[PDB]
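Given next, in structure tokens, is a single chain: the form deposited in one PDB entry.
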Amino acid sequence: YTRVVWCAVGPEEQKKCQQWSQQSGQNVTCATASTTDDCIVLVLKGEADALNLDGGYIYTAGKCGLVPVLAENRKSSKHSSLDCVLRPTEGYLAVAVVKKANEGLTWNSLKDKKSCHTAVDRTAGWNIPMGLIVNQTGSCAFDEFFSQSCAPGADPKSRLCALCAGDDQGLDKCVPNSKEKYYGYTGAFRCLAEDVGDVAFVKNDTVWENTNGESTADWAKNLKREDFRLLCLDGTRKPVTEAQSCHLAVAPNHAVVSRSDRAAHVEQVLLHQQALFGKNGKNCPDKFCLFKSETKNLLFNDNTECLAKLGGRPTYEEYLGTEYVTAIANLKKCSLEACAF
């Protein structure tokens, strides 16, 4: 069958997808949707084959019968003798970051503060932090906890979108795709760097990747790590160097998903595409690179060393783990076993 149709989310990812489509000699073609959800539907219908998703969306995808095929792996310390493609995935840390100058803000005094979220339904940006607030607060009232937030994908007229800025001209406020200024890992972190919000729910790697001259993007150019603190669950605050002992949760890596009747095909094409455009691809730095997009995480997170085989041929609950599958179950009790679509 040999030709994969990718789903890009919003126009910037479409533009990266068209390029990959060019360089691959149409072995990969593109579809476009304004939202991760519309992309998942395009996959069910049969009009696209695959997309990379965050743990929170893999849960949506999986109730609809979709399946993880390959997982993003990043450069690890331990596990160094194995090749990247076969090496297990380590998971990322979900953290809550605050400005250091904001003395006195802790996990215990987040109520009525201003929040930056990656997007509704994502792991570190939404499910993990809102999950814990609901429990601790004993209330599905998670929409009234923060005075104001930017939480792409929530109702544009509610407080959950008060802090989102839309695109170049103000259109598309709160859409869950990179058109929204403060969408995604990088979005949320900006939303705090610029002091729009008081706290940002991102992952550990995002603090490092956008501070101390690692980015060269205008907003981040002068961000110093020493200016941030991680909020831990014990009430404490610690340097961003201590993420290992001050995190909300370890999240399952983002993974490529596809209908089950297409996974073997979507896998064969991906391992060959990354052998050409992956980190050491034949054609990576010279012609085109899959895992790069100047700090914008389009299609894949910029720090992806390689897409990895899963091994144990896991279902979507086994891939996500029972810890996580229970938190998403319990939090979705607030807003009964079916596919949303």
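One rule holds for the numbers: they count along the sequence shown, beginning at 1. We call the rigid core whatever largest set of C-alpha positions still superposes within 1.5 Å between the two forms.
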> Comparing 78-86 with 116-124, which has C-alphas lying farther from the shown form in 9 other deposited structures of this protein once the core is aligned?
Replying inline: 78-86
>> Do the Cα atoms of 27-35 or of 292-300 sit farther, on average, from the shown structure in 9 other deposited structures of this protein when the rigid core is superposed?
In response: 292-300
> Between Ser335 and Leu336, how many deposited residues lack coordinates (none, 1 to 3, 4 to 9, 10 or more)?
Replying inline: 4 to 9
>> Please compare 223-231 with 157-165 and name the stretch with the higher mean C-alpha B-factor in the deposited structure.
In response: 223-231
> Where do the C-alpha atoms have the higher mean temperature factor in this entry, in 39-47 or in 269-277?
Replying inline: 269-277
> Between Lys78, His247, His117, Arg259, where does the Cα B-factor run highest in the record?
Replying inline: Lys78
> From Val85, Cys150, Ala124, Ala71, which pick has the Cα B-factor that tops the rest in the entry?
Replying inline: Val85
> For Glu294, does the deposited CA B-factor place it in the lowest, middle or highest third of the chain?
Replying inline: highest
> Once the chain's modelled residues are ordered by C-alpha B factor and cut into thirds, is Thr60 in the lowest, middle or highest one?
Replying inline: middle
>> By the recorded C-alpha temperature factor, relative to the other modelled residues in its chain, which third is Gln26 in?
In response: highest
> Compared with the other modelled residues in the chain, in which third is the CA B-factor of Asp205?
Replying inline: lowest
> Thinking about Cα B factors across the chain, which third does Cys7 belong to?
Replying inline: lowest
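Here the subject shifts to the form deposited with a partner chain bound, a form of this protein not shown in this document.
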> Of the residues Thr60, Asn52, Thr304, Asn297, which one places a heavy atom within 4.5 Å of the partner chain in the bound PDB entry?
Replying inline: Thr60
> Considering the partner chain in the bound PDB entry, which of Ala275, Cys289, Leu310, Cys64 comes within 4.5 Å of it through any heavy atom?
Replying inline: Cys64
> Quick one: does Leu44 come within 4.5 Å of the partner chain in the bound PDB entry, counting heavy atoms only?
Replying inline: yes
> Using heavy atoms and a 4.5 Å limit, would one call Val69 a contact residue for the partner chain in the bound PDB entry?
Replying inline: no
>> So, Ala48 and the partner chain: in the bound PDB entry, are they within 4.5 Å at any heavy atom pair?
In response: no
> Is there a heavy atom of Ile40 lying 4.5 Å or less from a heavy atom of the partner chain in the bound PDB entry?
Replying inline: yes
